[PDB]
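The structure appears right after this line, and notes come after that.
In this analysis, Cβ positions are derived from the backbone assuming ideal geometry, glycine residues included, and neighbour counts consider all displayed protein chains. Each answer follows from the model by the rule given with it, or from the source it names; nothing here is a laboratory result.
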Amino acid sequence: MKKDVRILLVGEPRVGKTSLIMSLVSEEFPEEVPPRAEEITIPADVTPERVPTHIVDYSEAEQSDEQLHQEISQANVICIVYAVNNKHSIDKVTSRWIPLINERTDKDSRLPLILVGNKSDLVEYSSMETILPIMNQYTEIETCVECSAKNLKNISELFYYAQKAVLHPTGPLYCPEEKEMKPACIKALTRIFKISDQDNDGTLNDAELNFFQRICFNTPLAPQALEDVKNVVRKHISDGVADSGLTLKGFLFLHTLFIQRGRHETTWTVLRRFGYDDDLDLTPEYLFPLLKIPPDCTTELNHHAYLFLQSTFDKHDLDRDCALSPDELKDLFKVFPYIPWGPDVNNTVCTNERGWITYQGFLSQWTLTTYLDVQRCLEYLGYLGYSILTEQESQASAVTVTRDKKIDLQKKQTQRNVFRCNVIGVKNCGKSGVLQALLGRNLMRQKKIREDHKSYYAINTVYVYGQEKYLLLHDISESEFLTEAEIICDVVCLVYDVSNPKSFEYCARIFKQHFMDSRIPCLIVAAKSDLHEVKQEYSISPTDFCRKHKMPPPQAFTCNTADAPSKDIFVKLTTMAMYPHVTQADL
Amino acid sequence: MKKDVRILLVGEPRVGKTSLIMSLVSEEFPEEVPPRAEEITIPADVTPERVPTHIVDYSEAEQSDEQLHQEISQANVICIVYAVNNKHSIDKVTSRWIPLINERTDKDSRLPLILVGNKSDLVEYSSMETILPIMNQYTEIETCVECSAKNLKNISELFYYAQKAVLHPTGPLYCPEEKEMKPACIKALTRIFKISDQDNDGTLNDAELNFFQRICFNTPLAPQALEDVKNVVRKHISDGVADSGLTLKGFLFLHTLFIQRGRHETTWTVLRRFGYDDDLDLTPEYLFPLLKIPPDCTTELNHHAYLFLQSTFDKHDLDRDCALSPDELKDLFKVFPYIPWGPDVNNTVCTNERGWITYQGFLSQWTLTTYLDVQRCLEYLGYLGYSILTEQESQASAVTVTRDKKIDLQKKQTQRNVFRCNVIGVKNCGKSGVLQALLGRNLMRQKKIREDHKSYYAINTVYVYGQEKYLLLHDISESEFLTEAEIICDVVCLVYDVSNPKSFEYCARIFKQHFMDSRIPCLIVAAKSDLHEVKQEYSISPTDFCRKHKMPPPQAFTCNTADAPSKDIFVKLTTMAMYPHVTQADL
Amino acid sequence: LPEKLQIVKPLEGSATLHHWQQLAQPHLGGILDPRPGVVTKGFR
Amino acid sequence: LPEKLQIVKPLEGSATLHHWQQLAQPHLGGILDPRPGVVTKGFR
Ligand SMILES: Nc1nc2c(ncn2[C@@H]2O[C@H](COP(=O)(O)OP(=O)(O)OP(=O)(O)O)[C@@H](O)[C@H]2O)c(=O)[nH]1
Ligand SMILES: Nc1nc2c(ncn2[C@@H]2O[C@H](COP(=O)(O)OP(=O)(O)OP(=O)(O)O)[C@@H](O)[C@H]2O)c(=O)[nH]1
Ligand SMILES: Nc1nc2c(ncn2[C@@H]2O[C@H](COP(=O)(O)OP(=O)(O)OP(=O)(O)O)[C@@H](O)[C@H]2O)c(=O)[nH]1
Ligand SMILES: Nc1nc2c(ncn2[C@@H]2O[C@H](COP(=O)(O)OP(=O)(O)OP(=O)(O)O)[C@@H](O)[C@H]2O)c(=O)[nH]1
Ligand SMILES: [Ca+2]
Ligand SMILES: [Ca+2]
Ligand SMILES: [Ca+2]
Ligand SMILES: [Ca+2]
Ligand SMILES: [Mg+2]
Ligand SMILES: [Mg+2]
């Protein structure tokens, strides 16, 4: 985070600026003092941020102007000390010292300043006359602590308010001219409100607020003072406390009153717990943590993520129709910086009659991002707050890594849940009829889609032997050559055309390129069986070429039925995916 | 581990003991010095153990005798400084200072002492005359560093050898009288040898030694100097380097030469990496780490532990008969403090003809300790070195926690692998015939076991629908009342006697106590069907009382067959364990 | 003895550093609590 | 100014403390390497 904090004290001769440091280190006033103190540094266990603090003194008699310019250049915060039983010091604050700090310093960045008033035990009535122009003159003075070392009046408070200038800045949050918050903090606090609200009513009740106090601040509040918080935000603004509790406007009003009364750390702890930085953006190691993937391994989501996603679906489905409208889908991605899902997703996963994403489609899209590119899935779970709403170390505890493929063929047992199938076939032979029969749509529902929004991937659940699994189909286009990623699969579904005699050439040609030599079980299916069959022009018969190579015999498929198509090919493909050593005669 | 290290320097006036501390902090000799130095402390990033070090000086002119006794009482190591261009100092080392350290100190524990020789730049020939009686007199002097601050001769070496007296002791390892190691370190280094040897030949080759260097010391050795190590241990002892490499005797000889030449840290890093302490015993947080178990959850071993246990079985089966003899079972538990498995285990798990534990019995016993008491399984994997031989954080990464039971009945899907069945029946009705038919033994093999070694638990694998699972049977004895742990199950197997008319009373009585009201699927089986059946004396018929309560119809079982008994009841019990909502009519 | 020598006050056994540690903790129950003798920007 | 004040030498930019850190590291390749001017117990 930060390296070190250096506090520099300046001022007039005979103001007792060394006496404050000596009263801090001695815990009692020393009557006779040296003219300068050493660099007394304070350890990192006094602040929960664990950042050390260096205090350095300056005297004009023992130092030089080049040394003063070097220590002013090597600083982070400057405290200017005046004595209230004097008038030359207040004149020299605006005459020299605020010009001499700003003499060499460029106007791009300025160091924050603290004003210190000493010798307040000598005067009787506490007052403030000449300082109030100077706070109206320069925008860099933010705090005007008045102290006395003889009574020990705010001696352990001055250096804390000097350190809070560096560690907890008021720069990127508050604009003092227009007197509201900056819009980056406005956008940075609407997202925290939607994560902590767990039922989407628009209000925070007493149950979610204690969760917020236990996560952010620790040791949560007494049950009486929360109504005092609710009473003061009910008094100062009309649209604050609702029937359930705080709204978004009361939350933002409480945080801007915490900004403009001076307690900066209570909102900086809130924005630093949820993952932001000093520039109000989401950090690395929160969006992108480290996960190791061995070769020939797959990623899966465990049972903890499959309750969080279900609770998100049950949170954002307001009308209880078990479907997501585009209004509720826009409400789902308001915590995201950009919309992750395009119009391609609605043709990939299962849907209802109108064209809305259903329950199993919402699970199957999340069981598709994790299989292909796992870093996008750990990025997408970080926006919703997986590590916050479920108390875990990071986003990487949701993904489990399964066994190797070769050990699973060696020991003849598999524990996996997701299986990839590759569809290789000739163009214009109804491959997309096969990939849209897994989703339950016939040809009359296939005809009313646009070619501009077209998918190559499909995924749906398949029940075999009472057990629920996931089947994924990929359409490999006709290319005349295949790369390595088009070889990696578990089964393939080679499709031929019964109307075209040429087609059983090409797929069998693909079966002679890279697929017979590896031990991959494979299936041959026949498409458009509703049309009249014509005899193929290949040398060996397709049934004979199938039965020669130890294959299961070829099935039949048509998508011209009036109702939903039969799910019988995909059950056999999943069954061959689980048990590659079980030949269909051995079953 | 430790709090702080305090080094105290004593000696005569005008020996330059302050000049060593000033030459350490100034990195150059100061010609004029103050008579005393302050408590200059050295931070924790200079030693990998991360323990701070305090250096304190003493002068007789500025201090007092009570202050000297208090600082000698508040110390850990004392360095006594003599000047070699003097003879009064060597006299005062044995006259006062070694008596004055040992004046108040009890004889139970002594602080270690370092002897320092200064002013060696004045003399010409380095020699050692009068010190060699004193090392032969007191056993507490261990190091005799001679130094000079003018040439900077071993100034950064004296305080390291003083700190190594506290952090890396020679006390519990080496006995200087008989000149061998203590037997706790002898037993503490035989166990490290067997874990690092991964093929049980009795030797360490070049492959395992690089694994040992990478785990223990980091940045492993060059490929040329390992033959120099092997050459010097081949020279100094005859039974050292074998054909493959180092044996146990060469390993112990290398470690005792590292002890008796002074490099104590190389063996302390080895015994501290594998889990031991300063008292040479295994520590908590290594044997007993923390794992949280939610209520109504079960423990399982993942796929990483099911390769480590298989590699242990393939390591310790020398004759390759796929069975463990009691000689190899005694060789397996030589790294254990006590023998974990009694004679009860051979009647619990599967065995061969002679009575030896087989492959699946060795896996099934490890899938029984983890289900019942998980802390004993994380203790037992810590002796074999699961965290060392597979680079992981602890022993708790091998155990995974499954879903709740109630969510699994709610969503009608289970992902578990181990199922518990309870056997409730009348005494002398062949319950142990049922629990020893899962293991494949008939009545003729049942008759040749002793009643003194008798089991109540059984576990074996059951294949259903092509998938391998574990079935566990527990025999609940006749008690007339059942506790809570005898209610917790997945299925039960209520057995009745066809020879005794009373028996179907009692089991059905148990079915009216605590088991009908909960949604637990249950099975009724008939025993000793080889004998002649007699009609039961209950009011309703057993088939009618079975068919009234929505139950599957009662099976038949006899163990009087000549061959192995049929595994058909247990497949049905596992099938009812997986699918409690599937009634046998719905299948 | 040069000026490259850090002088460290220890934390334990100190009252002012304990006051620093207790004002350093973030809690939302400071909405009522005043403090004398400091004026900040936008203070009410 | 009392005697309860720790004076801390920093690690960085020091040669003797770097020598302390380099002799502090454990490595098994010190079976050849001598060192002058120290005699230990049982030294050969
Ligand atoms: N009543 C009262 N007297 C104070 C207070 N602080 C300092 N003094 C007295 O004012 C005198 C002058 O303060 P010094 O600390 O010596 O002046 P200085 O800060 O060292 O200024 P330089 O000479 O430029 O280094 C001290 O001797 C103190 O006795 C205070 O808070 N209250
Ligand atoms: N009679 C009949 N025609 C079908 C049937 N299935 C698909 N067709 C027609 O055959 C054509 C081929 O379907 P496509 O899915 O477009 O073929 P493709 O090989 O996947 O190539 P793409 O155009 O990229 O999708 C479609 O335009 C349909 O009109 C069927 O079951 N019966
Ligand atoms: N040649 C040489 N001279 C040394 C060495 N160490 C110290 N001296 C000189 O010996 C003188 C006496 O040492 P001191 O450090 O002053 O004596 P002391 O340790 O303070 O002893 P006390 O008076 O009891 O506190 C110093 O002034 C050094 O100049 C050394 O290693 N080599
Ligand atoms: N004829 C015949 N006798 C059997 C058969 N099975 C068991 N028996 C006899 O019935 C007796 C009952 O067997 P046990 O296993 O001892 O009965 P239990 O109810 O489990 O009670 P325990 O003594 O604690 O084991 C045995 O002593 C056998 O001799 C069988 O299949 N046929
Ligand atoms: Ca709410
Ligand atoms: Ca809806
Ligand atoms: Ca070996
Ligand atoms: Ca054997
Ligand atoms: Mg001063
Ligand atoms: Mg001295």
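Filtered by the rule that a residue be under 17 Å from B:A458 (Cβ atoms) and in contact with a strand residue (DSSP E or B) (Cβ under 6 Å, 6 or more places away or on another chain), region B:543-587 gives B:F557, B:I569, B:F570, B:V571, B:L573, B:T574, B:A577. With respect to B:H54, is the statement that it is without any contact (Cβ under 8 Å) to a residue 60 or more places away in the chain and closer than 30 Å to B:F217 by Cβ true? Against the criterion (without any contact (Cβ under 8 Å) to a residue 60 or more places away in the chain and closer than 30 Å to B:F217 by Cβ), B:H54 qualifies.
The numbered conditions (1) crowded, with 17+ Cβ neighbours inside 10 Å; (2) more than 14 Å from every other protein chain (Cβ to nearest Cβ); (3) aromatic (F, W, Y) are all true for B:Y470 except (2). Of all the listed residues (B:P580, B:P554), the sole one being within 14 Å of chain A (Cβ to nearest Cβ), surrounded by 13 or more Cβ atoms within 10 Å (Cβ to Cβ) and in contact with a helix residue (DSSP H, G or I) (Cβ under 8 Å, 6 or more places away or on another chain) is B:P580.
Where helices (runs of 4 or more DSSP H) sit wholly within region A:225-337, those with at least 3 residues that are within 12 Å of chain C (Cβ to nearest Cβ) occupy A:225-236, A:248-261, A:265-273.
Residues considered: A:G275, A:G245. Of these, the only one that is buried (at least 17 other Cβ atoms within 10 Å of the Cβ), touching a residue at least 60 places away in the same chain (Cβ under 8 Å) and at positive phi is A:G275. When you check D:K4 against the structure, is it of a type outside the set (F, W, Y), closer than 30 Å to A:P34 by Cα and without any contact (Cβ under 8 Å) to a residue 40 or more places away in the chain, yes or no? Yes; evaluated as a whole, the condition is true for this residue.
Residues in region C:6-44 that are at the interface with chain A (Cβ under 7 Å from one of its Cβ atoms) and among the small types (G, A, S): C:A15, C:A24, C:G29, C:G30, C:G37, C:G42.
Listed conditions (1) closer than 29 Å to B:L221 by Cα; (2) surrounded by 15 or more Cβ atoms within 10 Å (Cβ to Cβ); (3) touching a residue at least 12 places away in the same chain (Cβ under 8 Å) are all met by B:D199, apart from (2).
Does A:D327 count as in the same structural domain as A:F362 (by TED's automatic domain parsing), surrounded by 12 or more Cβ atoms within 10 Å (Cβ to Cβ), among the charged types (D, E, K, R) and without any contact (Cβ under 8 Å) to a residue 60 or more places away in the chain? No; evaluated as a whole, the condition is false for this residue. What do you reckon, is B:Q74 surrounded by fewer than 11 Cβ atoms within 10 Å (Cβ to Cβ), over 23 Å from B:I134 (Cα atoms) and either within 16 Å of ligand 10 (Cβ to nearest atom) or within 14 Å of another protein chain (Cβ to nearest Cβ) (or both)? So B:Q74 passes the test. With respect to A:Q392, determine if the residue is within 14 Å of chain B (Cβ to nearest Cβ), surrounded by fewer than 20 Cβ atoms within 10 Å (Cβ to Cβ) and under 30 Å from B:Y465 (Cα atoms). Here the answer is no, as A:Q392 does not meet what is asked. When region A:100-131 is filtered for residues that are more than 23 Å from C:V39 (Cα to Cα) and either surrounded by 13 or more Cβ atoms within 10 Å (Cβ to Cβ) or not acidic (D, E) (or both), the ones remaining, listed by number, are A:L100, A:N102, A:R104, A:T105, A:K107, A:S109.
Of all residues in region B:461-490, those satisfying the criterion of being among the acidic types (D, E) and more than 30 Å from A:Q413 (Cα to Cα) are B:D475, B:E478, B:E480, B:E484, B:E486. Please tell me if A:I90 is facing chain C (nearest Cβ under 9 Å), buried (at least 17 other Cβ atoms within 10 Å of the Cβ) and more than 27 Å from A:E28 (Cβ to Cβ). Judged against the criteria, A:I90 is not a match.
Yes/no per residue for (1) crowded, with 17+ Cβ neighbours inside 10 Å; (2) within 16 Å of ligand 8 (Cβ to nearest atom); (3) under 28 Å from B:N151 (Cβ atoms); (4) within 11 Å of chain D (Cβ to nearest Cβ):
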| residue | (1), (2), (3), (4) |
| --- | --- |
| B:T18 | yes, no, yes, no |
| B:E32 | no, no, yes, no |
| B:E39 | no, no, yes, yes |
| B:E62 | no, no, no, no |
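Checking each residue in region B:98-134 for being of a type in the set (A, V, I, L, M), assigned to a loop (DSSP other than H, G, I, E, B) and under 20 Å from B:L20 (Cα atoms) picks out B:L122, B:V123.
May I ask you to list the residues in region A:136-149 that are in a helix (DSSP H, G or I) and touching a residue at least 12 places away in the same chain (Cβ under 8 Å)? Residue satisfying the conditions is A:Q137 alone.
For region A:395-428, a residue qualifies if it is assigned to a loop (DSSP other than H, G, I, E, B) and buried (at least 16 other Cβ atoms within 10 Å of the Cβ), and the qualifying residues are A:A398, A:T402, A:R403, A:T414, A:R416, A:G425, A:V426. Restricting attention to region A:213-224 and to residues that are in a helix (DSSP H, G or I) and facing another protein chain (nearest Cβ under 9 Å), the residue that is nearest to ligand 2 (Cβ to nearest atom) turns out to be A:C216.
Among the residues making up region A:557-571, those that are crowded, with 19+ Cβ neighbours inside 10 Å and within 43 Å of the chain's Cα centre (by Cα) are A:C559, A:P565, A:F570.
Counting only helices (runs of 4 or more DSSP H) that sit completely within region A:443-556, those holding 2 or more residues that are over 48 Å from the mean Cα position of the chain (by Cα) and farther than 27 Å from A:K567 by Cβ correspond to A:542-548.
Does A:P99 count as over 50 Å from the mean Cα position of the chain (by Cα) and more than 13 Å from chain C (Cβ to nearest Cβ)? In short, no.
Residues in region B:150-204 that are away from chain D (no Cβ under 14 Å), in contact with a strand residue (DSSP E or B) (Cβ under 9 Å, 6 or more places away or on another chain) and either part of a loop (DSSP other than H, G, I, E, B) or of a type outside the set (V, I, T) (or both): B:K182, B:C185, B:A188, B:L189, B:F193, B:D197, B:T203. Scanning region B:356-386 for residues that are outside any helix (DSSP H, G or I) and exposed (fewer than 14 other Cβ atoms within 10 Å of the Cβ) yields a single hit, B:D373.
If you go through region A:1-16 and keep only what is surrounded by 13 or more Cβ atoms within 10 Å (Cβ to Cβ) and within 16 Å of ligand 1 (Cβ to nearest atom), you end up with A:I7, A:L8, A:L9, A:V10, A:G11, A:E12, A:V15, A:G16.
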